[PDB]
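Since the structure comes first, as structure tokens, the remarks are kept for the end.
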Amino acid sequence: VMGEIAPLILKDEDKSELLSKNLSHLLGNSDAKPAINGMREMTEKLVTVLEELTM
DNA sequence: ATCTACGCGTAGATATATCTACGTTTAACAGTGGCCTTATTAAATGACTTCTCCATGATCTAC
Numbered sequence: 056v057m058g059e060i061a062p063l064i065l066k067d068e069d070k071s072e073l074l075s076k077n078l079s080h081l082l083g084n085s086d087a088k089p090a091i092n093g094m095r096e097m098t099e100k101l102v103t104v105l106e107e108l109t110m
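Sequential numbering of the first sequence, starting at 56, is according to PDB author numbering.
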């Protein structure tokens with residue numbers, strides 16, 4: 056996640072400095088929950104980034 | 001793994017939103033005619049207390 060999805064999701068940060076963090080900084084584990092499979096904004100951007108990465 | 005901070009789920013309190021709809025009979029009448037019983041009978045029979053129980057004085061008779 057922080058290797059590839061984070062730089063495309065987190066727009067303005069140092070990617071190497073992003074490589075040494077916790078998943079919640081970009082996923083938002085305060086919410087998290089199986090609700091990521093729903094229609095939430097982070098789900099939207101994650102799906103967009105995944106679809107762009109693998110075309 | 002543990003301490004600490006913070007964002008979120010949630011429950012309680014509150015203001016809001018709910019399209020059709022309207023017009024819902026106006027008129028004139030609410031029987032005009034004639035009758036509202038004609039006959040006849042207005043009981044026919046017999047019965048209308050039944051009975052005692054009397055009041056008073058002269059006379060007979062027993063003690």
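Using N, Cα and C, we set each Cβ at its ideal position, and we do this for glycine too.
Rounded straight-line distance, which links the Cα of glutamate 59 to that of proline 89 = By 1-based counting over the first sequence, the position of residue 89 is 34. By 1-based counting over the first sequence, the position of residue 59 is 4. Straight-line Cα distance between these residues: approximately 22 Å.
request  = Can you tell me the Cβ-Cβ gap for residue 27 and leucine 82, rounded? I've got them flagged as a contact below 8 Å.
outcome  = The requested residue 27 is not part of the displayed model; the chain covers only 56 to 110.
key: Segment limits, alpha helix (DSSP H) that includes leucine 108   = Against the first sequence, residue 108 aligns to sequence position 53. Per DSSP, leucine 108 belongs to the alpha helix (DSSP H) from 96-109.
ask   = Can you name the start and end residues of the alpha helix (DSSP H) that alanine 87 belongs to?
value = Counted from its first residue, the first sequence places residue 87 at position 32. No alpha helix (DSSP H) holds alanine 87; DSSP gives it neither H nor E.
request  = To the nearest angstrom, report how far apart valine 104 and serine 79 are at their CA atoms.
outcome  = Taking the first sequence and counting its residues from 1, one reaches residue 104 at position 49. Taking the first sequence and counting its residues from 1, one reaches residue 79 at position 24. Here the alpha carbon of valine 104 sits roughly 17 Å from the alpha carbon of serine 79.
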